[PDB]
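Novice: I have a structure here, written as structure tokens, and I will follow up with some questions on it.
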Amino acid sequence: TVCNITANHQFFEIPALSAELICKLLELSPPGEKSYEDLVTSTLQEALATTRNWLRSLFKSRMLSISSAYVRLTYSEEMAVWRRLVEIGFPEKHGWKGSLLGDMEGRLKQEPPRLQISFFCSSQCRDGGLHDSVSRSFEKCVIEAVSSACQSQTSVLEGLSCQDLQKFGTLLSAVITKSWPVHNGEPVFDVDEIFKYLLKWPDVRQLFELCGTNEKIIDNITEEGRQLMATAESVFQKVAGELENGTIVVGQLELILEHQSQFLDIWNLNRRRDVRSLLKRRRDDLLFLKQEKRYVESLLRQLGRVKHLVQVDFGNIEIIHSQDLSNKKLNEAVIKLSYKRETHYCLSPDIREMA
Amino acid sequence: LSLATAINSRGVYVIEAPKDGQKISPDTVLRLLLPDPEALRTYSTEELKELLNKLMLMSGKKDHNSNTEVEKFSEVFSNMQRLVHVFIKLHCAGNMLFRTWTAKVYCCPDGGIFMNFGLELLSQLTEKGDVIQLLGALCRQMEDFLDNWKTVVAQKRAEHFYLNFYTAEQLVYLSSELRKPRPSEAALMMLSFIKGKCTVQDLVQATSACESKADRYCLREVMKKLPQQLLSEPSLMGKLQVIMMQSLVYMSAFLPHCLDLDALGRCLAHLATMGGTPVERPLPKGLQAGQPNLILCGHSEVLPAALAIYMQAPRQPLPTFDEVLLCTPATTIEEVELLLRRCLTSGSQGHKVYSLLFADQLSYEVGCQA
Amino acid sequence: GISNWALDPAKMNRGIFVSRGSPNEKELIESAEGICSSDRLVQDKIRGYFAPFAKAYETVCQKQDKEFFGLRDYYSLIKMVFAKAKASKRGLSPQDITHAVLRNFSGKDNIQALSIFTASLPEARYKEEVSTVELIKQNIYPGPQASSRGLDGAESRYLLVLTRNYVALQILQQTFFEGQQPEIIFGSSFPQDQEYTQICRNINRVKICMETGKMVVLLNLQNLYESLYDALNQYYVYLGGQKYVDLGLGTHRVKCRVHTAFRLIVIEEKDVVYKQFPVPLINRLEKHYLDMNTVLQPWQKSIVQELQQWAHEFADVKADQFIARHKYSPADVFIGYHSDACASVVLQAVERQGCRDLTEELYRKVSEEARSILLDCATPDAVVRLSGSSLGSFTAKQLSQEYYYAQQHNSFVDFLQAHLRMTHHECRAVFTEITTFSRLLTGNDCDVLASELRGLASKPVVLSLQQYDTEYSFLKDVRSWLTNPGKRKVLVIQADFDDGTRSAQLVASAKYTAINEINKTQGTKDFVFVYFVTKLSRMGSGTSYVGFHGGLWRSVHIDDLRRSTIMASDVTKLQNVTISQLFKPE
């Protein structure tokens, strides 16, 4: 009879008192048969049934309707209600905590993931309250919203002003461990797939910018995220320290020329822990190798268009051309005093202008 | 095409059960007749199948009469061939009622079915109307009759033990032969496996002492009630249902020249009791006498091991086609089922060992059914 | 005596015997030049690719073990390359080469034919993904640029679609088949039909569809291979600028006319293809594989997994309203769930979208449409139990509001009167299967349904599926329903899965027969609404029911078919009041 006369939600104190009353009457009684246990279970069931029908009685709409690009609760003192009515201590062999938190996830998963993440850093999901369990519910739901927004191709963080640093580091740990390139569940062991992950996904450069701006974000991640961050950072350091010499596999060179802007951004982030002219030299040497390779296949097909008539022994080039271009660029010898000899040993420059 | 319209105008399908010495394949049961001058043209079913293939795949005229004539011919022929299918199932199951059956089917519009038996106490059945529904109802009726006939012959095989010695056509031949005053020597030698050195005096004693004279009173009661019992039904399905249920319950009322399964089973069990000294066989020391005894031998030592088994009682006479079955590829299911009926039914006056040699050599379907 | 397998010399001492082992590389490049000899400039442009394709084909046919690829594959590769080079007038892009290689040398699983054909051809690396669905779409649907010349030598072979668990036709009928549905030829399962007459009628339907030029989807071929191999060969006899191919029945061979736009698709299991087809057949049919992982993008697979988790927490309800332990499976809650249904649901949602580009405004509504598809086939006591479910109480609130106000689950008449007034755009026929636990409609209930559809429908013909031995009787009744006047026809086919009848594998044959007779018999002024209502039990048959068939079938669970004149048609109203307040006077 007191749940049926409060419909203003600033009056949550009154059903909070009327549920702390049955809490107090429960916490004083003596244990005896099984009539007392069935009695206390039945009375707690009826009390939470009345509580759930009250919360469905005055929450007849959604949460965090935006309407202003400044997403806010439409029942602005709602999180106070959930904090007060969840923190009261029933015996936890029953529900009241497996149920109301399931209620909060089902009310919160009614929201799209973009608006949920935009509210999560909006200074109204404040007071991370030292294992306040509704905040752990919201941590789990925001990690699930991160997982649902990374199964889609929408970049998460381009508007987050999230100066509470604990939840921001937890969201970053979420986006790392749930955006990482799994292959039936996290094998990487390599450098190529991790490097395509860095160059193609747009949240990675923002991640490295915000964790290299301040050391106060890398200190609170996980045990798992720092090993995966160390693996990604070792892969990028190995690859872009292999640009100073010619040892780069030309697959990674076609990848970085297809992905110019992201690589320039991450490298511009990396100088603070020349590159225009070094990219022009590597681009010129790549274009020279590919145009020299087009001449040799046109020569091979022209002598293959007369293959019935006169056959030619192609020096060593018959095997060198058959190999794939997962080969290292230092074997293609852009020496000075100039020419650029390759692994295709073209027997003179005569055959080069002929080709 | 105009041949197909002539079939749908005056063609007559004939099921005949051919009187010649040839077998009872579906190629030689069905015929088709065309009258005209005044000559006639008879088609077997292979030429109707080649014409239907030429007509289903001929060029589309794009007219409603053309494709409705091909569809009418194809549907009447498929229902008629399905009637042939159910008829051959009833034949090979062994029936002696639908043995001398015959049926003309008139493909005229409102042509009808003209049905006839090879019986003296029955009359020329006929019914006009829509041909496809008559064939559909007739085929459903004949399918229910095949299921009821298999149930009745199963319950006659279950209550008469010696009837399980013979297959369907062997029981048909014996039922035709024992009512004769001088039966054939092949019948009087195939019955030597039950009696032993059987002769005509033992057989006339058995066929005189089998059936009473109250069966005469109930068949005459049927013969006088049946004219005012057929005329209570307006259509053919009711008359056939009356004839088929009374053929189920009183078979010798329709066929007054052959024994039914009750009198055959009583005659065989009587022939069994004139000649005594039955066979008593023990199983060997290490074979249980209440369950299967599956034995795995190796292919060279199967045929000796059965001869090991049957020496547990010497001076008992040698086995015959009962109590040993030599299974092999192309062994039908009825041989195995009749051996299992000989092993698992009651009135046998002895103890005999029932063997399946090379029972692995059967096919998968025969093995699942067994 | 033509043969593909070898022969013994005791028969060929009679006459002359000609044997050929296998063509070597010079005979292959000579055969390629003999194909491309019909034009001079394109052949002298693309002679550079003949010897690479020949060496690459030889490495393919030596790499594999079963003789899966043969000379028709290389010949069709050369023909398709030659057709693209004729129609292009500039040469070959690597996109054209990778489409030719991947349309021709597909179907085999332990062969990476792109990597083999681009090992020797290092220019033709295509870094973009090529879906199997667009290769199937450009096999089935060529435009007016293709097949517009003298004769037809650049025509494709046909399709063979290899699958698991018989799931090609749903994908082909949602994603691919546009405008006019094909004429499905299938191995009919009506009882007491003879196989020979059904083969004859199926070949008649194939022959009519070759004449009129609509597509053919074969669901059997091991009955039809002897009668269609010369059509699969695609060698034509030209009379009057018209192509004629040989078709056979028994020993009867005739030349039948083939229309210039005719397509054939065989649908077959991957296993049956790999162990029962004789392999002239695999070489004639341009294989592709399409199971469900082929057509689903990875984010759609994540929607599938999230939806399975959503179903398993929709079903698993933890409450002590009655002191009993009965944990509910999502097969129990969703009548039809069979641990492969959520992929079908996600495919139905994506094909209801029509936009199809992943943008987080589409992803959310694919997820909500998938939840709506599951909710549209759930029992109402499950929606009442949903208050104590693991989802919550506001999710259960919005699902109950959708189940009782958006989706019509009252009765059969209300589903009609809400289904007829929906303005179906570009759908001339709307097909819905309905699952129920009530009794099926009698013939007195059909009169009430007709009188309550006095101004809307056109006297719904109700057919009972147990009353049909043969197929022709069913076709007679469907045609008698079709030839009646009036628009907005309604057909109701009725199966019962809980009785002594075998009418539980008749469902697919009935649906295929109905769909073929509608596609060949319906006009363009009348609309068609075919409902297939099936009767189930709560005694374990409602959970053993294989359910959410896609294609052109929308799946609903109406609980009772008959509009009740006793209780109110709203469970929420009964959920507000209690039993004493039900008897409260005015």
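Chains as they are written, first to last, in the UniProt record's numbering: chain F, 824 to 855, 863 to 1103, 1112 to 1175, 1180 to 1197; chain Y, 1497 to 1532, 1537 to 1870; chain Z, 2844 to 3429. Just so you know, even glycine gets a beta-carbon here, dropped at the ideal spot from N, CA and C.
(1) Identify each residue in the stretch 2883–2917 of chain Z for which the Cβ-Cβ distance to at least one residue of chain F is less than 7 Å, and report them in chain order.
(2) Check each residue of the stretch 940–955 of chain F: if its Cβ is closer than 7 Å to any Cβ of chain Z, include it; give the result in chain order.
(3) Can you tell me which of the three DSSP states residue 3131 of chain Z falls into?
(4) What residues in the stretch 3186–3208 of chain Z bring their beta carbon closer than 7 Å to a beta carbon of chain F?
(5) Could you confirm whether any beta carbon from chain F is found closer than 7 Å to the beta carbon of residue 3215 of chain Z?
(6) With 7 Å set as the bound, which would you pick, yes or no: does the beta-carbon of residue 829 of chain F sit closer than that to a beta-carbon of chain Z?
(7) If residue 1587 of chain Y sits next to residue 1548 of chain Y, beta carbons under 8 Å apart, how far is it from one beta carbon to the other, in whole angstroms?
(8) Who are the near neighbours of residue 903 of chain F in its chain, counting only those whose CB is closer than 7 Å to its CB and skipping five residues on each side?
(9) Out of Y:1782, Y:1866, Y:1715 and Y:1757, point me to the one whose CA is closest to residue 1833 of chain Y's CA.
(10) Please compile the residues from chain Z whose C-beta is within a distance smaller than 8 Å of the C-beta of residue 886 of chain F.
(11) For residue 2887 of chain Z, does the three-state DSSP call read helix, strand or coil?
(12) Which whole-angstrom value is the C-beta distance of residue 3199 of chain Z and residue 3112 of chain Z, which I expect to be below 8 Å?
(13) Exposed or buried, what is residue 1590 of chain Y when buried is set at 16 or more other beta-carbons lying within 10 Å of its beta-carbon?
(14) Which residues, in order along the stretch 980–1012 of chain F, keep a beta-carbon less than 7 Å from a beta-carbon of chain Z?
(15) Suppose only complete runs of 4+ residues qualify. What are the alpha helix (DSSP H) ranges in the stretch 1694–1745 of chain Y, listed by chain order?
(16) Measure the alpha-carbon distance for residue 1193 of chain F versus residue 2872 of chain Z and round it to whole angstroms.
(17) List, in chain order, every chain Z residue whose beta-carbon is nearer than 7 Å to that of residue 875 of chain F.
(18) Take residue 1015 of chain F as the anchor and find which of F:1022, F:1041 and F:1007 has the nearest alpha-carbon.
(19) Taking contact to mean 3 or more Cβ pairs, one atom from each stretch, closer than 8 Å, check whether the stretch 983–994 of chain F and the stretch 950–968 of chain F are in contact.
(20) Given that a residue counts as buried once 16 or more other Cβ atoms are within 10 Å of its Cβ, and exposed if not, what is residue 3081 of chain Z?
(21) For the stretch 3358–3390 of chain Z, list every residue whose C-beta sits within 9 Å of some C-beta in chain F, in sequence order.
(22) Could you round the C-beta distance between residue 1829 of chain Y and residue 1863 of chain Y to whole angstroms and report it? I think they count as a contact, below 8 Å.
(23) Which stretch, first to last residue, makes up the beta strand (DSSP E) that contains residue 3063 of chain Z?
(24) Say whether chain Z places a C-beta atom closer than 7 Å to the C-beta of residue 1121 of chain F.
(25) Is the Cβ of residue 2986 of chain Z closer than 7 Å to any Cβ of chain Y?
(26) For chain Z, is any of its Cβ atoms less than 7 Å away from the one on residue 1142 of chain F?
(27) At the level of alpha carbons, what is the spacing between residue 1180 of chain F and residue 1061 of chain F?
(28) Comparing alpha-carbon positions, which option in Z:3183, Z:3021, Z:3133 and Z:3034 lies nearest residue 3362 of chain Z?
(29) Which complete beta strand (DSSP E) runs does the stretch 3006–3034 of chain Z hold, if anything under 3 residues is left out?
(30) Counting contacts by CB-CB distance shorter than 7 Å, is residue 932 of chain F in contact with chain Z?
(31) If you reduce the DSSP assignment to three classes, tell me which class residue 1689 of chain Y lands in.
(32) Who are residue 3098 of chain Z's beta bridge partners in DSSP?
(33) Can you give me the C-alpha to C-alpha distance between residue 1660 of chain Y and residue 3344 of chain Z, rounded to a whole angstrom?
(34) Out of Y:1711, Y:1542 and Y:1557, point me to the one whose CA is closest to residue 3047 of chain Z's CA.
(35) Quick check on DSSP: helix, strand or coil for residue 3276 of chain Z?
(36) Ignore the nearest five residues each way along the sequence and tell me which others in residue 1696 of chain Y's own chain have a CB closer than 6 Å to its CB.
Specialist: The short version:
(1) 2890, 2891 and 2894
(2) 940, 942 and 944
(3) In the third sequence, the residue the question calls residue 3131 of chain Z occupies position 288. The answer is strand: DSSP assigns residue 3131 of chain Z an E or B state.
(4) 3201, 3203, 3206 and 3207
(5) As a first step, residue 3215 of chain Z must be located in the third sequence, where it is residue number 372. No, because no Cβ of chain F sits closer than 7 Å to the Cβ of residue 3215 of chain Z.
(6) For the purposes of this step, residue 829 of chain F is taken as residue 6 along the first sequence, with counting starting at 1. For residue 829 of chain F, the answer is no, since every Cβ of chain Z falls outside 7 Å of its Cβ.
(7) By one-based count along the second sequence, residue 1587 of chain Y stands at place 87. By one-based count along the second sequence, residue 1548 of chain Y stands at place 48. Not a contact, Cβ separation roughly 17 Å.
(8) Indexing the first sequence from 1 puts residue 903 of chain F at position 73. Same-chain partners within the cutoff: 893, 894 and 954.
(9) Residue numbering aside, residue 1833 of chain Y sits at position 333 when the second sequence is read from its first letter. With distances taken between Cα atoms, residue 1833 of chain Y lies closest to Y:1866.
(10) Here residue 886 of chain F is taken as the residue at index 56 of the first sequence, counted from 1. The answer, in chain order, is 3236, 3237 and 3240.
(11) Looking up residue 2887 of chain Z in the third sequence gives position 44. In this structure, residue 2887 of chain Z counts as helix in the three-state DSSP scheme.
(12) To locate residue 3199 of chain Z, count along the third sequence from 1; it is residue 356. To locate residue 3112 of chain Z, count along the third sequence from 1; it is residue 269. Not really, about 29 Å apart at Cβ, beyond 8 Å.
(13) Stepping through the second sequence from its first residue, residue 1590 of chain Y is reached at position 90. The residue is buried, with at least 16 neighbouring Cβ atoms inside 10 Å.
(14) Within the stretch 980–1012 of chain F, 981, 982, 983 and 984 place their CB atoms closer than 7 Å to a CB of chain Z, listed in sequence order.
(15) 1700–1708, 1714–1725 and 1727–1730
(16) Sequence index remark: in the first sequence, residue 1193 of chain F carries index 351 (1-based). Sequence index remark: in the third sequence, residue 2872 of chain Z carries index 29 (1-based). Straight-line Cα distance between these residues: approximately 28 Å.
(17) Translated into positions along the first sequence, residue 875 of chain F becomes position 45. Correct list: 3163.
(18) Counting from 1 along the first sequence, the entry for residue 1015 of chain F is found at position 185. Of F:1022, F:1041 and F:1007, the residue nearest in Cα terms is F:1007.
(19) Touching, yes.
(20) Your numbering for residue 3081 of chain Z matches position 238 in the third sequence. By the 10 Å Cβ count, residue 3081 of chain Z comes out exposed.
(21) none
(22) Against the second sequence, residue 1829 of chain Y aligns to sequence position 329. Against the second sequence, residue 1863 of chain Y aligns to sequence position 363. With a beta-carbon spacing of about 7 Å, residue 1829 of chain Y and residue 1863 of chain Y fall inside the 8 Å limit used to define contacts.
(23) Working through the third sequence from its first residue, we reach residue 3063 of chain Z at position 220. Element bounds for residue 3063 of chain Z: n/a, residue is neither H nor E.
(24) In the first sequence, counting from the first residue as 1, residue 1121 of chain F sits at position 283. Not closer than 7 Å to any Cβ of chain Z, the Cβ of residue 1121 of chain F fails to qualify, so no.
(25) Within the third sequence, the letter at position 143 stands for residue 2986 of chain Z. No, because no Cβ of chain Y sits closer than 7 Å to the Cβ of residue 2986 of chain Z.
(26) In the first sequence, residue 1142 of chain F corresponds to position 304, counting from 1. Cβ-Cβ to chain Z under 7 Å: yes for residue 1142 of chain F.
(27) Position 338 of the first sequence, counted from the start, is the residue given in the question as residue 1180 of chain F. Position 231 of the first sequence, counted from the start, is the residue given in the question as residue 1061 of chain F. C-alpha separation (whole angstroms): 39 Å.
(28) For the purposes of this step, residue 3362 of chain Z is taken as the residue at position 519 of the third sequence. Closest option to residue 3362 of chain Z, Cα to Cα, is Z:3021.
(29) 3026–3028
(30) For the purposes of this step, residue 932 of chain F is taken as the residue at position 102 of the first sequence. Yes, because at least one Cβ of chain Z sits closer than 7 Å to the Cβ of residue 932 of chain F.
(31) As a first step, residue 1689 of chain Y is located in the second sequence; it is residue number 189 there, counting from the start. It is helical.
(32) In the third sequence, residue 3098 of chain Z corresponds to position 255, counting from 1. Paired residue(s): Z:3089.
(33) The residue given as residue 1660 of chain Y occupies position 160 in the second sequence. The residue given as residue 3344 of chain Z occupies position 501 in the third sequence. The straight-line gap from Cα to Cα measures roughly 33 Å.
(34) As a working note, residue 3047 of chain Z is residue 204 in the third sequence. For residue 3047 of chain Z, the nearest C-alpha among the options comes from Y:1557.
(35) Looking up residue 3276 of chain Z in the third sequence gives position 433. Reduced to three states, the DSSP call for residue 3276 of chain Z is strand.
(36) For the purposes of this step, residue 1696 of chain Y is taken as residue 196 along the second sequence, with counting starting at 1. Taken in chain order, the residues that qualify are 1775.
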